[PDB]
Amino acid sequence: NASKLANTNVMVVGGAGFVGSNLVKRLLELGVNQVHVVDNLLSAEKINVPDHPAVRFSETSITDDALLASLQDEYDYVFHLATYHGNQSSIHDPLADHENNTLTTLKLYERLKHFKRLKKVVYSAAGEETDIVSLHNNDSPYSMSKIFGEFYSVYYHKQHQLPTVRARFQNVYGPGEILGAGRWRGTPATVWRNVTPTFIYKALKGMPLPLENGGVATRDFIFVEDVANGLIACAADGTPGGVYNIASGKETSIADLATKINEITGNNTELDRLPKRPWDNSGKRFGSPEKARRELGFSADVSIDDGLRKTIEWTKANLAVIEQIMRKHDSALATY
Amino acid sequence: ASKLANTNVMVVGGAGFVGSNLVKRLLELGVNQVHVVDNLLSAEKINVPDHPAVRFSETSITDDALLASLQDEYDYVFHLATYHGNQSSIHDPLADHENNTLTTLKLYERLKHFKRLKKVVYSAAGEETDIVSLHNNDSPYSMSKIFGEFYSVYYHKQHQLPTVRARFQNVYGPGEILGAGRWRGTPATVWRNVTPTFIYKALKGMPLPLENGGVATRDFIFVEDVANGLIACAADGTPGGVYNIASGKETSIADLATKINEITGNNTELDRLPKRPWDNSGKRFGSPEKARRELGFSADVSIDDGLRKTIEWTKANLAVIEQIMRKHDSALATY
Ligand SMILES: NC(=O)c1ccc[n+]([C@@H]2O[C@H](COP(=O)([O-])OP(=O)(O)OC[C@H]3O[C@@H](n4cnc5c(N)ncnc54)[C@H](O)[C@@H]3O)[C@@H](O)[C@H]2O)c1
Ligand SMILES: NC(=O)c1ccc[n+]([C@@H]2O[C@H](COP(=O)([O-])OP(=O)(O)OC[C@H]3O[C@@H](n4cnc5c(N)ncnc54)[C@H](O)[C@@H]3O)[C@@H](O)[C@H]2O)c1
């Protein structure tokens, strides 16, 4: 049913970003009529927005009142991917997080509530689906903002029939995640965004991979192209008011991540890994991909090896530009 | 309670119903100073006493200049501001967010630097658990109240802000003024809650608009008990903790109406129906046992006594209450 999006008008809030740019690429592949990207480039690079006849780019916050007022009821689908990137940035400035991570969703939904052409509004939430949450689980304002967007998604559906679908995912990696993308957001994580691109960049430079705690921790990585397809499946076939895990169902240890990256890149430097013991990942739960498979026919099948090969090829091909982007934060990094 | 003697206290939302009662009790307790911060969005200035120990900032707590001007000179902060209430919030979720979610966040973001604070008490909505459903929330107001609990837990864990969440519901008593504040979009601005609506109507000798035979029950709690409960939270509540401040006693709306009529001498009819098992089934009231055990707090004002006090206050102030109600006449007529 991904062809349901053929010849439709789509908005992608946060569409200049990592997941967003990949979603935009896939929408254009599927033959959408128009993509309206709304993105303030707070954590993104304009090089991730194509200069394409189906792509309209509004370089403005989705909280901007004038922008919101200017929106017309001409969208079939909306993908809400904006966030304040990410955990560490949000701890550093909870008010910057609120503006770009909680208020975004509320103001977007308040404008959309009277749009009648809307078939689905897909919200990227953070990471068997249950709708019970703990007040204690939340390590950052980012994590609270993500949860709050689910509260809003449920409310706008119940009260106003906004056809929301919540897509939960975690540990996305792949082409288009640029270290240093966007503005300085307070901490070194602006540069070193996530473990996979940090390790790829370091391995391409022939640097030893800074492996923490022997790399015993595991993550369910998911390739960004699979996430894009999962978000599309939610739009086309997800139940309004509903939620879906968009997940690989496969765990990789950080040590094995490092090893694969080193092997593919030919980075012949040491790795300080340790054997996993029963106490190392004992509490850990990963999201089941079963609901999305059963109800949407969606399966995230790109293997970690194939995904890493693609990501590494893209990173190598763009290494100079990535480095120019990272370097803009040299001063802020030095004084942190 | 006397732990607060001679302390400096801030009451955000201190001009409102619960707030004004809390401020009165704090003064009785002999606090050094109360700083009330209130934009009067749902409140009346006559609920702010002229008293040498009260300072009044007629300003939103989200105002940056006000926040920046605050100094680390408070022993206790009571955060009572909200966007009153469910109905208003549904009408305008953005007005709610500004006065109900953003309030908490910006307040906490300022206070996290303050090391004189012993306790920060947040009035949340109604054994205590910290698990919530994404589905339980009928309104933006409801979401904002829950969000404030999330923030309270976070700021304690991350920044050691000594928060205590106080959960209550169905407060009634002197100082709740029908029509208080600005028009917030719906007739609930006037007809705020069932108790003051019924008291007012009974005093005017009008039939009480009892809905569905009054089979619904509520755990009403008298406002002075809520104020003492908040104080017990401040003095002795565990940082990061939560306590139900509750009566543990249910009254049907039909019995509420009957009592109000009996006290006021309102001789008009009442359409009551008998309560059946399927009428309140599964409705849960908050246990007051944790607050009793840990803080020695119990809410002992009976419904009969509280209603008497409330009716007396209303009768005493009926003229001013009506003048306050009447400012919303045009807005009511067009709703
Ligand atoms: N990458 C992951 O592993 C991961 C995991 C779980 C959930 N998510 C969610 O997926 C979404 C996309 O994340 P990402 O990894 O692509 O990060 P990203 O930072 O690359 O993308 C987010 C985009 O939002 C934009 N933005 C920020 N504030 C805005 C505002 N006020 N108005 C409009 N646009 C704004 C940024 O400039 C950026 O382009 C986010 O909602 C994120 O929380 C991501
Ligand atoms: N009355 C009840 O039965 C009840 C039940 C459960 C929880 N509560 C909570 O108790 C607290 C007090 O409620 P109340 O019944 O006294 O209502 P209220 O409306 O009388 O008091 C709230 C006060 O907050 C003020 N306020 C609004 N926005 C503000 C802002 N931006 N900055 C500063 N002040 C602002 C209002 O002007 C008002 O004086 C609220 O937090 C409410 O959610 C009340």
# chains A, B, ... in the order shown; residues from 1 in each chain; ligands from 1

call {"tool": "residues_around", "arguments": {"residues": "region 153-163 of chain A", "least_positions_apart": "6", "cutoff": "7 Å", "atoms": "only C-alpha atoms", "output": "PDB file with N, CA, C and O atoms, in the first residue's frame"}}
result
ATOM      1  N   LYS A 113      -5.847  20.434  13.152  1.00  0.00           N
ATOM      2  CA  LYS A 113      -7.060  19.763  13.664  1.00  0.00           C
ATOM      3  C   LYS A 113      -8.290  19.954  12.773  1.00  0.00           C
ATOM      4  O   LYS A 113      -9.181  19.126  12.800  1.00  0.00           O
ATOM      5  N   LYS A 119      -5.219  12.409   5.688  1.00  0.00           N
ATOM      6  CA  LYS A 119      -5.539  10.975   5.838  1.00  0.00           C
ATOM      7  C   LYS A 119      -4.750  10.405   7.010  1.00  0.00           C
ATOM      8  O   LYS A 119      -5.255   9.523   7.717  1.00  0.00           O
ATOM      9  N   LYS A 120      -3.520  10.892   7.211  1.00  0.00           N
ATOM     10  CA  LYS A 120      -2.702  10.381   8.363  1.00  0.00           C
ATOM     11  C   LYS A 120      -1.665  11.387   8.749  1.00  0.00           C
ATOM     12  O   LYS A 120      -1.148  12.124   7.878  1.00  0.00           O
ATOM     13  N   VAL A 121      -1.415  11.478  10.057  1.00  0.00           N
ATOM     14  CA  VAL A 121      -0.371  12.314  10.603  1.00  0.00           C
ATOM     15  C   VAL A 121       0.519  11.376  11.393  1.00  0.00           C
ATOM     16  O   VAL A 121       0.056  10.763  12.365  1.00  0.00           O
ATOM     17  N   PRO A 240      -5.625   5.105  12.839  1.00  0.00           N
ATOM     18  CA  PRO A 240      -5.668   6.398  13.569  1.00  0.00           C
ATOM     19  C   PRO A 240      -5.824   6.196  15.080  1.00  0.00           C
ATOM     20  O   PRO A 240      -6.618   5.308  15.530  1.00  0.00           O
ATOM     21  N   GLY A 241      -5.034   6.949  15.842  1.00  0.00           N
ATOM     22  CA  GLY A 241      -4.956   6.806  17.291  1.00  0.00           C
ATOM     23  C   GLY A 241      -3.966   5.728  17.727  1.00  0.00           C
ATOM     24  O   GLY A 241      -3.688   5.612  18.903  1.00  0.00           O
TER      25      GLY A 241
ATOM     26  N   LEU B 134      -1.524   6.886  28.615  1.00  0.00           N
ATOM     27  CA  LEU B 134      -1.636   7.917  27.581  1.00  0.00           C
ATOM     28  C   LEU B 134      -3.108   8.179  27.273  1.00  0.00           C
ATOM     29  O   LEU B 134      -3.449   9.197  26.672  1.00  0.00           O
ATOM     30  N   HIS B 135      -3.987   7.251  27.669  1.00  0.00           N
ATOM     31  CA  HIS B 135      -5.411   7.335  27.323  1.00  0.00           C
ATOM     32  C   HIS B 135      -6.324   7.973  28.362  1.00  0.00           C
ATOM     33  O   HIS B 135      -7.472   8.304  28.065  1.00  0.00           O
TER      34      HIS B 135
END

call {"tool": "interface_residues", "arguments": {"of": "chain A", "to": "chain B", "cutoff": "12 Å", "atoms": "only C-alpha atoms", "output": "VMD selection string"}}
result
chain A and resid 63 65 91 to 99 102 to 111 113 130 to 160 166 241 to 243

call {"tool": "residues_around", "arguments": {"residues": "residue 212 (chain A)", "least_positions_apart": "5", "cutoff": "12 Å", "atoms": "only C-alpha atoms", "output": "PDB file with N, CA, C and O atoms, in the first residue's frame"}}
result
ATOM      1  N   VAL A 195      26.682   6.756  18.209  1.00  0.00           N
ATOM      2  CA  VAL A 195      27.829   5.838  18.184  1.00  0.00           C
ATOM      3  C   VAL A 195      28.236   5.409  16.758  1.00  0.00           C
ATOM      4  O   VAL A 195      29.445   5.359  16.444  1.00  0.00           O
ATOM      5  N   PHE A 199      31.892   6.212  15.201  1.00  0.00           N
ATOM      6  CA  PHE A 199      32.816   5.124  14.910  1.00  0.00           C
ATOM      7  C   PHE A 199      33.223   5.079  13.430  1.00  0.00           C
ATOM      8  O   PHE A 199      34.392   4.858  13.117  1.00  0.00           O
ATOM      9  N   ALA A 217      27.363  -3.576  25.935  1.00  0.00           N
ATOM     10  CA  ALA A 217      26.003  -3.096  25.777  1.00  0.00           C
ATOM     11  C   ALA A 217      25.500  -3.506  24.399  1.00  0.00           C
ATOM     12  O   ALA A 217      26.285  -3.542  23.452  1.00  0.00           O
ATOM     13  N   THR A 218      24.216  -3.823  24.273  1.00  0.00           N
ATOM     14  CA  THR A 218      23.651  -4.135  22.948  1.00  0.00           C
ATOM     15  C   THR A 218      22.550  -3.136  22.576  1.00  0.00           C
ATOM     16  O   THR A 218      21.905  -2.535  23.452  1.00  0.00           O
ATOM     17  N   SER A 253      25.971  -5.923  19.775  1.00  0.00           N
ATOM     18  CA  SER A 253      26.747  -5.302  20.830  1.00  0.00           C
ATOM     19  C   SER A 253      27.582  -4.174  20.226  1.00  0.00           C
ATOM     20  O   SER A 253      27.905  -4.193  19.024  1.00  0.00           O
ATOM     21  N   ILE A 254      27.950  -3.206  21.055  1.00  0.00           N
ATOM     22  CA  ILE A 254      28.769  -2.082  20.567  1.00  0.00           C
ATOM     23  C   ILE A 254      30.151  -2.599  20.157  1.00  0.00           C
ATOM     24  O   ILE A 254      30.745  -2.133  19.171  1.00  0.00           O
ATOM     25  N   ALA A 255      30.632  -3.606  20.881  1.00  0.00           N
ATOM     26  CA  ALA A 255      31.896  -4.234  20.494  1.00  0.00           C
ATOM     27  C   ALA A 255      31.801  -4.817  19.079  1.00  0.00           C
ATOM     28  O   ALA A 255      32.728  -4.625  18.293  1.00  0.00           O
ATOM     29  N   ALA A 258      31.723  -2.045  16.483  1.00  0.00           N
ATOM     30  CA  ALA A 258      33.094  -1.542  16.264  1.00  0.00           C
ATOM     31  C   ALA A 258      33.900  -2.489  15.383  1.00  0.00           C
ATOM     32  O   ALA A 258      34.632  -2.070  14.487  1.00  0.00           O
ATOM     33  N   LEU A 271      41.010  -2.648  19.774  1.00  0.00           N
ATOM     34  CA  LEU A 271      39.675  -2.529  20.326  1.00  0.00           C
ATOM     35  C   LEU A 271      39.695  -3.252  21.663  1.00  0.00           C
ATOM     36  O   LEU A 271      40.007  -4.441  21.716  1.00  0.00           O
ATOM     37  N   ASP A 272      39.366  -2.532  22.732  1.00  0.00           N
ATOM     38  CA  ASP A 272      39.395  -3.068  24.084  1.00  0.00           C
ATOM     39  C   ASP A 272      38.031  -3.665  24.438  1.00  0.00           C
ATOM     40  O   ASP A 272      37.239  -3.042  25.140  1.00  0.00           O
ATOM     41  N   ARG A 273      37.748  -4.857  23.935  1.00  0.00           N
ATOM     42  CA  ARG A 273      36.438  -5.463  24.208  1.00  0.00           C
ATOM     43  C   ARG A 273      36.497  -6.503  25.301  1.00  0.00           C
ATOM     44  O   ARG A 273      37.546  -7.061  25.568  1.00  0.00           O
ATOM     45  N   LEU A 274      35.361  -6.708  25.962  1.00  0.00           N
ATOM     46  CA  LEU A 274      35.257  -7.659  27.058  1.00  0.00           C
ATOM     47  C   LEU A 274      34.091  -8.626  26.829  1.00  0.00           C
ATOM     48  O   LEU A 274      33.130  -8.318  26.122  1.00  0.00           O
TER      49      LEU A 274
END

call {"tool": "residues_near_ligand", "arguments": {"ligand": "ligand 2", "cutoff": "6 Å", "atoms": "only C-alpha atoms and all ligand atoms", "output": "compact mmCIF listing (two decimals) with C-alpha atoms, in the first residue's frame"}}
result
# COMPACT_ATOMS: atom_id res chain seq x y z
CA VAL B 12 2.64 30.80 42.48
CA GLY B 13 -1.06 31.06 41.68
CA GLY B 14 -1.48 32.40 45.24
CA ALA B 15 -4.42 34.68 44.33
CA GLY B 16 -6.67 31.78 43.32
CA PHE B 17 -9.06 29.58 45.28
CA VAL B 18 -6.67 27.09 46.90
CA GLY B 19 -3.87 29.67 46.78
CA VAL B 37 2.89 35.53 41.94
CA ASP B 38 -0.37 35.52 39.99
CA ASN B 39 -1.53 37.00 36.67
CA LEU B 40 -5.21 37.02 37.84
CA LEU B 41 -6.19 34.96 34.80
CA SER B 42 -8.75 33.01 36.87
CA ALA B 43 -8.60 35.02 40.09
CA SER B 60 2.76 35.45 34.82
CA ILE B 61 5.29 33.05 36.31
CA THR B 62 6.45 32.47 32.69
CA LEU B 80 -0.48 26.23 42.35
CA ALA B 81 -0.93 28.07 39.02
CA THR B 82 -3.04 26.45 36.33
CA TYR B 83 -5.31 27.25 33.40
CA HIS B 84 -8.77 26.96 34.92
CA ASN B 99 -0.52 28.85 31.80
CA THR B 103 4.56 27.54 33.93
CA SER B 123 -0.48 20.82 43.18
CA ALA B 124 -1.11 17.92 40.79
CA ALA B 125 -4.55 16.55 39.81
CA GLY B 126 -6.27 13.55 41.43
CA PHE B 168 -6.09 16.20 45.17
CA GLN B 169 -9.54 16.71 43.65
CA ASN B 170 -13.00 18.14 44.37
CA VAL B 171 -11.90 20.96 46.62

call {"tool": "residues_near_ligand", "arguments": {"ligand": "ligand 1", "cutoff": "6 Å", "atoms": "only C-alpha atoms and all ligand atoms", "output": "VMD selection string"}}
result
chain A and resid 13 to 20 38 to 44 61 to 63 81 to 85 100 104 124 to 127 169 to 172

call {"tool": "write_last_selection", "arguments": {"atoms": "N, CA and C atoms", "output": "short mmCIF file (atom, residue, chain, number, x, y, z; two decimals), in the first residue's frame"}}
result
data_model
loop_
_atom_site.label_atom_id
_atom_site.label_comp_id
_atom_site.auth_asym_id
_atom_site.auth_seq_id
_atom_site.Cartn_x
_atom_site.Cartn_y
_atom_site.Cartn_z
N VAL A 13 7.72 17.76 8.48
CA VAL A 13 8.26 18.63 9.51
C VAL A 13 9.55 17.97 10.01
N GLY A 14 10.63 18.74 10.02
CA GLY A 14 11.94 18.17 10.34
C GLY A 14 12.52 17.41 9.15
N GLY A 15 12.04 17.70 7.93
CA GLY A 15 12.42 16.95 6.75
C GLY A 15 13.81 17.17 6.23
N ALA A 16 14.54 18.16 6.80
CA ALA A 16 15.95 18.39 6.41
C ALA A 16 16.90 17.53 7.23
N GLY A 17 16.38 16.87 8.25
CA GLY A 17 17.22 16.13 9.17
C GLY A 17 17.57 14.73 8.69
N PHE A 18 18.11 13.95 9.60
CA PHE A 18 18.64 12.63 9.24
C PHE A 18 17.54 11.68 8.73
N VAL A 19 16.61 11.32 9.60
CA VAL A 19 15.48 10.48 9.17
C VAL A 19 14.63 11.18 8.12
N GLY A 20 14.40 12.47 8.31
CA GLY A 20 13.56 13.26 7.40
C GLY A 20 14.05 13.32 5.96
N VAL A 38 9.37 21.45 6.21
CA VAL A 38 9.43 22.58 7.13
C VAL A 38 10.56 22.25 8.11
N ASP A 39 11.61 23.06 8.12
CA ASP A 39 12.78 22.74 8.94
C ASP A 39 13.58 24.00 9.22
N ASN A 40 13.90 24.26 10.49
CA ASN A 40 14.66 25.47 10.86
C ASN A 40 16.20 25.24 10.80
N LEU A 41 16.60 24.02 10.40
CA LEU A 41 18.02 23.65 10.28
C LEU A 41 18.74 23.78 11.62
N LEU A 42 17.99 23.63 12.71
CA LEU A 42 18.60 23.66 14.01
C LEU A 42 19.63 22.51 14.20
N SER A 43 19.34 21.35 13.66
CA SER A 43 20.28 20.21 13.78
C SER A 43 20.46 19.54 12.43
N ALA A 44 20.37 20.34 11.37
CA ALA A 44 20.39 19.81 9.98
C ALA A 44 21.22 20.69 9.08
N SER A 61 10.78 27.59 11.82
CA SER A 61 10.28 26.67 12.82
C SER A 61 8.82 26.38 12.55
N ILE A 62 8.41 25.13 12.82
CA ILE A 62 6.99 24.77 12.78
C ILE A 62 6.16 25.46 13.89
N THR A 63 6.82 26.01 14.92
CA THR A 63 6.11 26.86 15.88
C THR A 63 5.86 28.30 15.44
N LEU A 81 8.57 14.96 12.31
CA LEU A 81 9.86 14.37 12.69
C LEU A 81 10.75 15.38 13.44
N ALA A 82 10.27 16.61 13.62
CA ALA A 82 11.10 17.63 14.26
C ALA A 82 11.40 17.20 15.69
N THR A 83 12.59 17.56 16.15
CA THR A 83 12.95 17.35 17.54
C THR A 83 14.11 18.24 17.91
N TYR A 84 14.45 18.25 19.20
CA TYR A 84 15.62 19.00 19.64
C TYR A 84 16.70 17.96 19.84
N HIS A 85 17.70 17.93 18.97
CA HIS A 85 18.63 16.82 18.97
C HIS A 85 19.79 17.03 19.99
N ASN A 100 11.45 23.29 20.69
CA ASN A 100 11.73 22.57 19.45
C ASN A 100 11.36 21.11 19.56
N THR A 104 6.43 22.28 19.38
CA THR A 104 6.31 21.85 17.99
C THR A 104 5.08 21.00 17.75
N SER A 124 7.00 10.67 14.83
CA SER A 124 8.13 9.82 15.27
C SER A 124 8.33 9.95 16.78
N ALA A 125 8.06 8.88 17.49
CA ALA A 125 8.14 8.88 18.93
C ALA A 125 9.46 8.20 19.31
N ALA A 126 9.84 8.23 20.58
CA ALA A 126 11.08 7.57 20.98
C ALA A 126 10.76 6.10 21.29
N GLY A 127 11.78 5.30 21.60
CA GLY A 127 11.60 3.86 21.79
C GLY A 127 11.15 3.40 23.16
N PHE A 169 10.69 4.17 17.45
CA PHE A 169 11.91 3.53 16.98
C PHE A 169 13.11 4.02 17.81
N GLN A 170 14.25 3.39 17.61
CA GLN A 170 15.47 3.78 18.30
C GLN A 170 16.66 3.24 17.54
N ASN A 171 17.82 3.83 17.81
CA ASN A 171 19.09 3.33 17.23
C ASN A 171 19.07 3.26 15.72
N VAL A 172 18.54 4.31 15.11
CA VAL A 172 18.62 4.45 13.66
C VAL A 172 20.07 4.81 13.24
#

call {"tool": "residues_around", "arguments": {"residues": "residue 320 (chain A)", "least_positions_apart": "3", "cutoff": "12 Å", "atoms": "only C-alpha atoms", "output": "list in words"}}
result
residues 178, 179, 201, 204, 205, 314, 315, 316, 317, 323, 324, 325, 326 and 327 of chain A

call {"tool": "select_by_dssp", "arguments": {"residues": "region 164-248 of chain B", "states": "strand (DSSP E)", "output": "PDB file with N, CA, C and O atoms, in the first residue's frame"}}
result
ATOM      1  N   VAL B 164       7.729  17.989  45.865  1.00  0.00           N
ATOM      2  CA  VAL B 164       6.715  17.095  46.413  1.00  0.00           C
ATOM      3  C   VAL B 164       5.470  17.336  45.591  1.00  0.00           C
ATOM      4  O   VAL B 164       5.047  18.478  45.431  1.00  0.00           O
ATOM      5  N   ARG B 165       4.934  16.265  45.021  1.00  0.00           N
ATOM      6  CA  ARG B 165       3.669  16.354  44.276  1.00  0.00           C
ATOM      7  C   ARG B 165       2.505  16.092  45.224  1.00  0.00           C
ATOM      8  O   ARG B 165       2.451  15.055  45.907  1.00  0.00           O
ATOM      9  N   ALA B 166       1.549  16.997  45.241  1.00  0.00           N
ATOM     10  CA  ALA B 166       0.344  16.822  46.084  1.00  0.00           C
ATOM     11  C   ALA B 166      -0.870  16.600  45.180  1.00  0.00           C
ATOM     12  O   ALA B 166      -1.259  17.499  44.434  1.00  0.00           O
ATOM     13  N   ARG B 167      -1.444  15.395  45.214  1.00  0.00           N
ATOM     14  CA  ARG B 167      -2.581  15.076  44.353  1.00  0.00           C
ATOM     15  C   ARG B 167      -3.859  15.277  45.143  1.00  0.00           C
ATOM     16  O   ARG B 167      -4.025  14.724  46.220  1.00  0.00           O
ATOM     17  N   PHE B 168      -4.752  16.073  44.588  1.00  0.00           N
ATOM     18  CA  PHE B 168      -6.088  16.204  45.175  1.00  0.00           C
ATOM     19  C   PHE B 168      -7.169  16.435  44.118  1.00  0.00           C
ATOM     20  O   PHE B 168      -6.866  16.632  42.930  1.00  0.00           O
ATOM     21  N   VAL B 171     -12.014  19.978  45.542  1.00  0.00           N
ATOM     22  CA  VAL B 171     -11.898  20.956  46.618  1.00  0.00           C
ATOM     23  C   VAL B 171     -13.095  21.923  46.586  1.00  0.00           C
ATOM     24  O   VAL B 171     -13.600  22.298  45.510  1.00  0.00           O
ATOM     25  N   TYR B 172     -13.556  22.341  47.755  1.00  0.00           N
ATOM     26  CA  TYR B 172     -14.612  23.341  47.813  1.00  0.00           C
ATOM     27  C   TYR B 172     -14.381  24.179  49.066  1.00  0.00           C
ATOM     28  O   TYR B 172     -13.676  23.759  50.014  1.00  0.00           O
ATOM     29  N   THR B 217     -20.792  10.198  42.572  1.00  0.00           N
ATOM     30  CA  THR B 217     -20.175  10.517  43.855  1.00  0.00           C
ATOM     31  C   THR B 217     -18.805  11.133  43.653  1.00  0.00           C
ATOM     32  O   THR B 217     -18.120  10.869  42.651  1.00  0.00           O
ATOM     33  N   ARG B 218     -18.412  11.939  44.632  1.00  0.00           N
ATOM     34  CA  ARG B 218     -17.103  12.607  44.612  1.00  0.00           C
ATOM     35  C   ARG B 218     -16.553  12.604  46.035  1.00  0.00           C
ATOM     36  O   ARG B 218     -17.310  12.689  46.995  1.00  0.00           O
ATOM     37  N   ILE B 221     -13.269  17.595  49.388  1.00  0.00           N
ATOM     38  CA  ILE B 221     -12.328  17.970  50.456  1.00  0.00           C
ATOM     39  C   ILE B 221     -12.402  19.481  50.664  1.00  0.00           C
ATOM     40  O   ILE B 221     -12.406  20.268  49.704  1.00  0.00           O
ATOM     41  N   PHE B 222     -12.497  19.872  51.933  1.00  0.00           N
ATOM     42  CA  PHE B 222     -12.639  21.270  52.301  1.00  0.00           C
ATOM     43  C   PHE B 222     -11.315  21.973  52.082  1.00  0.00           C
ATOM     44  O   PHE B 222     -10.233  21.425  52.403  1.00  0.00           O
ATOM     45  N   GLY B 241       8.872  12.812  46.043  1.00  0.00           N
ATOM     46  CA  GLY B 241       7.666  12.069  46.455  1.00  0.00           C
ATOM     47  C   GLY B 241       6.322  12.619  46.033  1.00  0.00           C
ATOM     48  O   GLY B 241       6.207  13.730  45.516  1.00  0.00           O
ATOM     49  N   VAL B 242       5.291  11.811  46.251  1.00  0.00           N
ATOM     50  CA  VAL B 242       3.929  12.215  45.920  1.00  0.00           C
ATOM     51  C   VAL B 242       2.990  11.791  47.065  1.00  0.00           C
ATOM     52  O   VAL B 242       3.175  10.722  47.653  1.00  0.00           O
ATOM     53  N   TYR B 243       1.976  12.613  47.348  1.00  0.00           N
ATOM     54  CA  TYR B 243       0.979  12.279  48.390  1.00  0.00           C
ATOM     55  C   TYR B 243      -0.409  12.690  47.933  1.00  0.00           C
ATOM     56  O   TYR B 243      -0.577  13.806  47.451  1.00  0.00           O
ATOM     57  N   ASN B 244      -1.391  11.799  48.121  1.00  0.00           N
ATOM     58  CA  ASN B 244      -2.779  12.154  47.961  1.00  0.00           C
ATOM     59  C   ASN B 244      -3.161  12.977  49.173  1.00  0.00           C
ATOM     60  O   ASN B 244      -2.919  12.559  50.318  1.00  0.00           O
TER      61      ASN B 244
END

call {"tool": "select_by_dssp", "arguments": {"residues": "region 20-258 of chain B", "states": "helix (DSSP H, G or I)", "output": "number ranges by chain"}}
result
B: 20-28, 45-47, 64-69, 86-91, 93-111, 140-159, 187-189, 194-203, 212-214, 223-236, 253-258

call {"tool": "residues_around", "arguments": {"residues": "residue 215 (chain B)", "least_positions_apart": "6", "cutoff": "7 Å", "atoms": "only C-alpha atoms", "output": "PyMOL selection string"}}
result
chain B and resi 252-254+273-275+279

call {"tool": "write_last_selection", "arguments": {"atoms": "N, CA and C atoms", "output": "PDB file, in the first residue's frame"}}
result
ATOM      1  N   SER B 252     -22.591  11.708  47.232  1.00  0.00           N
ATOM      2  CA  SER B 252     -23.254  11.794  45.949  1.00  0.00           C
ATOM      3  C   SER B 252     -23.639  13.253  45.713  1.00  0.00           C
ATOM      4  N   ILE B 253     -23.759  13.633  44.441  1.00  0.00           N
ATOM      5  CA  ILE B 253     -24.166  15.004  44.058  1.00  0.00           C
ATOM      6  C   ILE B 253     -25.597  15.278  44.535  1.00  0.00           C
ATOM      7  N   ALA B 254     -26.451  14.265  44.500  1.00  0.00           N
ATOM      8  CA  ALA B 254     -27.811  14.401  45.071  1.00  0.00           C
ATOM      9  C   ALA B 254     -27.775  14.794  46.567  1.00  0.00           C
ATOM     10  N   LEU B 273     -32.274  10.425  41.903  1.00  0.00           N
ATOM     11  CA  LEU B 273     -32.565   9.033  41.565  1.00  0.00           C
ATOM     12  C   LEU B 273     -31.706   8.172  42.469  1.00  0.00           C
ATOM     13  N   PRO B 274     -32.117   6.911  42.731  1.00  0.00           N
ATOM     14  CA  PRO B 274     -31.284   6.046  43.578  1.00  0.00           C
ATOM     15  C   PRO B 274     -30.035   5.561  42.835  1.00  0.00           C
ATOM     16  N   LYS B 275     -28.907   5.542  43.535  1.00  0.00           N
ATOM     17  CA  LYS B 275     -27.651   5.057  42.947  1.00  0.00           C
ATOM     18  C   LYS B 275     -27.666   3.542  42.811  1.00  0.00           C
ATOM     19  N   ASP B 279     -23.652   2.604  38.409  1.00  0.00           N
ATOM     20  CA  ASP B 279     -23.503   4.074  38.302  1.00  0.00           C
ATOM     21  C   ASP B 279     -22.145   4.663  38.628  1.00  0.00           C
TER      22      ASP B 279
END

call {"tool": "atom_distance", "arguments": {"atom1": "CA of residue 91 (chain B)", "atom2": "CA of residue 335 (chain B)"}}
result
11.5 Å

call {"tool": "closest_residue", "arguments": {"among": "B:77, B:95, B:46, B:230", "to": "residue 120 (chain B)", "atoms": "only C-alpha atoms"}}
result
B:77

call {"tool": "closest_residue", "arguments": {"among": "B:306, B:286, B:248, B:30", "to": "residue 173 (chain B)", "atoms": "only C-alpha atoms"}}
result
B:306

call {"tool": "residues_around", "arguments": {"residues": "residue 264 (chain B)", "least_positions_apart": "2", "cutoff": "9 Å", "atoms": "only C-alpha atoms", "output": "count of residues only"}}
result
12

call {"tool": "atom_distance", "arguments": {"atom1": "CA of residue 73 (chain B)", "atom2": "CA of residue 27 (chain B)"}}
result
17.6 Å

call {"tool": "closest_residue", "arguments": {"among": "B:114, B:56, B:220, B:78", "to": "residue 193 (chain B)", "atoms": "only C-alpha atoms"}}
result
B:220

call {"tool": "atom_distance", "arguments": {"atom1": "CA of residue 299 (chain A)", "atom2": "CA of residue 221 (chain A)"}}
result
13.7 Å
